[PDB]
Amino acid sequence: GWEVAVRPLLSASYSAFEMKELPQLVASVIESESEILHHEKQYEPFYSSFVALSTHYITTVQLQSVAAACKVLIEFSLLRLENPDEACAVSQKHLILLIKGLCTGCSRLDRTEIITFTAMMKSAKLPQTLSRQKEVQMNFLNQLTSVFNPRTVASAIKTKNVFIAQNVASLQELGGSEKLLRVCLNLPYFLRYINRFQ
Amino acid sequence: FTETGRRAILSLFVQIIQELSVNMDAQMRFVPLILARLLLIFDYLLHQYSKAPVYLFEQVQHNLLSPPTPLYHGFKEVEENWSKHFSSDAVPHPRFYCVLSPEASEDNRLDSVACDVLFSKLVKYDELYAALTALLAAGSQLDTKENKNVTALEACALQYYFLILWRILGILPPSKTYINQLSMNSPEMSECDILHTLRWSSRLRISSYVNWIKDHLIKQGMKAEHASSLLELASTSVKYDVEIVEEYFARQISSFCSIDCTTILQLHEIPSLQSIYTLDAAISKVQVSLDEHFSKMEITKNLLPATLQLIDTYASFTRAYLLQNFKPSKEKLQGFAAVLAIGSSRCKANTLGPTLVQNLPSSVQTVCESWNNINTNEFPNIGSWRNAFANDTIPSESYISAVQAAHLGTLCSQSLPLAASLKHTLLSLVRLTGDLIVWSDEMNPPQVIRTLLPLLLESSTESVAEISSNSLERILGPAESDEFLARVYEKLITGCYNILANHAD
């Protein structure tokens, strides 16, 4: 179910993020991948807030799964920044800061917004209202299929560096540079300035 | 793999085990280290035939697929001996390892699909069980003659293999053929058969294994009506134990009676380790069963003579073992025997013993202290089966396992390996004799005294003379005013006369 999937975020909203709560969050993010990008209107704010909390708690701190989940979140934020729908729980600005924060050391989101995000979390209705061997085998298969770098690129700084390298590689893989430049060019307010310069 | 491949591999394992056991005679002299790995793999297959454990995934990830010590689940006690003999804190190469986690040490749930395959076509379970019972003697003749030392590797491999075989044999369900072989009579039984028989007869008594036995007997084609009657008539309890152990004692006495009189026995005629620990297990089981039977309270009318004959034969055995380790000529060997027959220092009655032992210059001093320093503490205590072993379902089986491990641990020694085994078996035998003499209405004084005084004043039996002293004190005299002191003095004069008359050269 999805209630048990969002349980770690609900528990951690009043504290830090427990280390034991990360791998199952990653597993849930990878498992629901086929559905996350395709949803109806009324579930959309719930999934947007869930993604916001998940990204926030990932950036505040096995590498292959984390990289895959971060790539998934970057893809989600990318097509959310391209389309953006009126009823998105997180506006385009916070998506931009989120994408930046995943590529940096998590100094963008503030408490004043995650309180509203958790309130929406509780007030939103579930897809399926909120108000050990399988995971190990999956990790084994993930490590087996592809080889992580590691050294091609004290402990905390190097882990952060490899995390940033993986995240920026994932962002570049989607070709997000062109999409971000396109979304920045056709702004509703800079359009007059661009026309005047032309 | 798929189910078909796994069952084919299991059938191939069955075929290998069945085929390899046909030439047991050659196997007596081999070192079963490859056999140990085969049995370990078979045990793992039996435990986890269907699923795959998580620790296997972690081990294969860390040891192989991670970028560049390995991680395994080796035996703690075997690796204890290996590291002790390796000394300088290196242990770089692991040679004795186990695949299954130690968490399965608790009573070891057999796989349903494994036994479903075992009780079906393409396998012959009866001959498989026969081969597994026969393979328990795959290293009996290794210790036997060339004066060649037994290295650490071979002793560790022997203990490792025996532990693996004992573990696997205690998990496989019964076969109907052996049930019939033991049901209404128990003939032509070998040492491995006896070793399996004691543990089984203790198992299917009170520990509620009988339901498991009949449940598995329903499989393989034996309906409940036959199984219940066979289980009922297989065990009815103390009489069965005394009968089987009396038969074993009679066979051992008949085997050893070919040697008589007072002659020095070579090392090669010393019994092998397997027979020694089989006898020790049998006597320990008898002691436990008799102790409980008369604690809760004519069957011992024939135990006494057989036990006394066992004791005096084993006293001759240990005396010969000590003597032949002293190239000395045979005449001065008999002279040394005459000196040490009246030796010993653990009895205060005699006075010459210590001085005559100590005045010999070098030959029988360093060897004497090295042999007398073999302390048998590692064995279970006197009544350790009553306090530390009664909490489990079967204290007797736990006692048997403990004494078996203690016997197996002695193979690592390089100076005097067998000494611990002979000392402990003599101690247990004399303690059983004392308990039985306490618990028997029939008692023949002359037999017991003329087989018991030689223990107290013998230098080769000093870790035991105290127990014999306590046993004789309560029945024959307070050792101070009664005729016991007179008999001790008489034996002293007999020894003095013999040494002064025969070996004056």
# chains A, B, ... in the order shown; residues from 1 in each chain; ligands from 1
call {"tool": "closest_atom_pairs", "arguments": {"of": "chain A", "to": "chain B", "cutoff": "9 Å", "atoms": "only C-alpha atoms", "output": "JSON lines"}}
result
{"residue": "A:132", "atom": "CA", "partner": "B:54", "partner_atom": "CA", "distance": 8.1}
{"residue": "A:133", "atom": "CA", "partner": "B:54", "partner_atom": "CA", "distance": 5.9}
{"residue": "A:136", "atom": "CA", "partner": "B:54", "partner_atom": "CA", "distance": 7.0}
{"residue": "A:137", "atom": "CA", "partner": "B:57", "partner_atom": "CA", "distance": 7.2}
{"residue": "A:140", "atom": "CA", "partner": "B:61", "partner_atom": "CA", "distance": 6.9}
{"residue": "A:143", "atom": "CA", "partner": "B:65", "partner_atom": "CA", "distance": 7.8}
{"residue": "A:144", "atom": "CA", "partner": "B:65", "partner_atom": "CA", "distance": 7.2}
{"residue": "A:150", "atom": "CA", "partner": "B:67", "partner_atom": "CA", "distance": 8.6}
call {"tool": "write_last_selection", "arguments": {"atoms": "C-alpha atoms", "output": "PDB file, in the first residue's frame"}}
result
ATOM      1  CA  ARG A 132      13.781  -8.011   4.128  1.00  0.00           C
ATOM      2  CA  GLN A 133      14.753 -10.585   1.516  1.00  0.00           C
ATOM      3  CA  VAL A 136      18.185  -7.224  -0.409  1.00  0.00           C
ATOM      4  CA  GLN A 137      17.665  -9.241  -3.598  1.00  0.00           C
ATOM      5  CA  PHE A 140      21.908  -7.313  -5.264  1.00  0.00           C
ATOM      6  CA  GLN A 143      24.658  -3.806  -7.978  1.00  0.00           C
ATOM      7  CA  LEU A 144      25.122  -6.764 -10.332  1.00  0.00           C
ATOM      8  CA  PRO A 150      33.538   4.802  -7.782  1.00  0.00           C
TER       9      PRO A 150
END
call {"tool": "residues_around", "arguments": {"residues": "region 28-36 of chain B", "least_positions_apart": "5", "cutoff": "10 Å", "atoms": "only C-alpha atoms", "output": "ChimeraX atom specification"}}
result
/B:17,20,23,41-42,96,135-144,153-165
call {"tool": "residues_around", "arguments": {"residues": "region 75-90 of chain A", "least_positions_apart": "3", "cutoff": "7 Å", "atoms": "only C-alpha atoms", "output": "PDB file with C-alpha atoms, in the first residue's frame"}}
result
ATOM      1  CA  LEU A  37       4.630  10.185 -14.211  1.00  0.00           C
ATOM      2  CA  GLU A  44      -1.507  15.155  -8.377  1.00  0.00           C
ATOM      3  CA  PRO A  45      -0.992  17.498  -5.362  1.00  0.00           C
ATOM      4  CA  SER A  48       3.822  16.434  -5.699  1.00  0.00           C
ATOM      5  CA  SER A  49       4.032  16.927  -1.930  1.00  0.00           C
ATOM      6  CA  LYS A  71      17.155  10.500 -11.306  1.00  0.00           C
ATOM      7  CA  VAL A  72      13.468   9.576 -11.056  1.00  0.00           C
ATOM      8  CA  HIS A  94      10.129  25.516  -5.553  1.00  0.00           C
ATOM      9  CA  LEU A  95      10.699  22.912  -8.274  1.00  0.00           C
ATOM     10  CA  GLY A 176      17.376  18.955 -18.890  1.00  0.00           C
ATOM     11  CA  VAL A 183      11.355  27.358 -19.910  1.00  0.00           C
TER      12      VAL A 183
END
call {"tool": "residues_around", "arguments": {"residues": "residue 276 (chain B)", "least_positions_apart": "6", "cutoff": "8 Å", "atoms": "only C-alpha atoms", "output": "PyMOL selection string"}}
result
chain B and resi 421-422+425
call {"tool": "write_last_selection", "arguments": {"atoms": "N, CA and C atoms", "output": "mmCIF file, in the first residue's frame"}}
result
data_model
loop_
_atom_site.group_PDB
_atom_site.id
_atom_site.type_symbol
_atom_site.label_atom_id
_atom_site.label_comp_id
_atom_site.auth_asym_id
_atom_site.auth_seq_id
_atom_site.Cartn_x
_atom_site.Cartn_y
_atom_site.Cartn_z
ATOM 1 N N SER B 421 42.149 -39.664 26.903
ATOM 2 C CA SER B 421 41.054 -40.596 26.663
ATOM 3 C C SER B 421 41.102 -41.768 27.635
ATOM 4 N N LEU B 422 42.272 -42.399 27.785
ATOM 5 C CA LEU B 422 42.356 -43.526 28.714
ATOM 6 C C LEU B 422 42.087 -43.095 30.151
ATOM 7 N N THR B 425 38.263 -42.430 30.542
ATOM 8 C CA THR B 425 37.438 -43.633 30.487
ATOM 9 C C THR B 425 37.655 -44.502 31.720
#
call {"tool": "closest_residue", "arguments": {"among": "A:117, A:138, A:59, A:65", "to": "residue 164 (chain A)", "atoms": "only C-alpha atoms"}}
result
A:59
call {"tool": "select_by_dssp", "arguments": {"residues": "region 6-163 of chain B", "states": "helix (DSSP H, G or I)", "output": "ChimeraX atom specification"}}
result
/B:6-20,24-27,34-47,54-65,76-86,102-105,112-118,125-137,152-163
call {"tool": "residues_around", "arguments": {"residues": "residue 360 (chain B)", "least_positions_apart": "5", "cutoff": "10 Å", "atoms": "only C-alpha atoms", "output": "list in words"}}
result
residues 336, 339, 355 and 365 of chain B
call {"tool": "write_last_selection", "arguments": {"atoms": "N, CA and C atoms", "output": "compact mmCIF listing (two decimals), in the first residue's frame"}}
result
# COMPACT_ATOMS: atom_id res chain seq x y z
N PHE B 336 61.41 -51.99 35.00
CA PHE B 336 60.70 -50.73 35.24
C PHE B 336 59.24 -50.99 35.59
N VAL B 339 59.12 -51.90 39.17
CA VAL B 339 59.28 -50.72 40.03
C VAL B 339 57.98 -49.93 40.10
N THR B 355 59.85 -42.48 46.52
CA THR B 355 61.31 -42.47 46.55
C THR B 355 61.89 -43.37 45.46
N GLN B 365 61.36 -39.98 34.70
CA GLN B 365 61.03 -38.77 35.44
C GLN B 365 60.39 -37.71 34.54
call {"tool": "residues_around", "arguments": {"residues": "region 19-22 of chain A", "least_positions_apart": "6", "cutoff": "12 Å", "atoms": "only C-alpha atoms", "output": "JSON, numbers by chain"}}
result
{"A": [4, 5, 6, 7, 8, 9, 10, 11, 12, 28, 29, 54, 55, 57, 58, 59, 60, 61, 62, 63, 65, 66, 69, 135]}
call {"tool": "residues_around", "arguments": {"residues": "residue 236 (chain B)", "least_positions_apart": "6", "cutoff": "12 Å", "atoms": "only C-alpha atoms", "output": "list in words"}}
result
residues 183, 184, 201, 204, 205, 229 and 230 of chain B
call {"tool": "atom_distance", "arguments": {"atom1": "CA of residue 347 (chain B)", "atom2": "CA of residue 461 (chain B)"}}
result
11.1 Å
call {"tool": "closest_residue", "arguments": {"among": "B:152, B:448, B:217, B:259", "to": "residue 414 (chain B)", "atoms": "only C-alpha atoms"}}
result
B:152
call {"tool": "atom_distance", "arguments": {"atom1": "CA of residue 73 (chain B)", "atom2": "CA of residue 170 (chain B)"}}
result
20.7 Å
call {"tool": "closest_residue", "arguments": {"among": "B:206, B:311, B:501, B:299", "to": "residue 256 (chain B)", "atoms": "only C-alpha atoms"}}
result
B:311
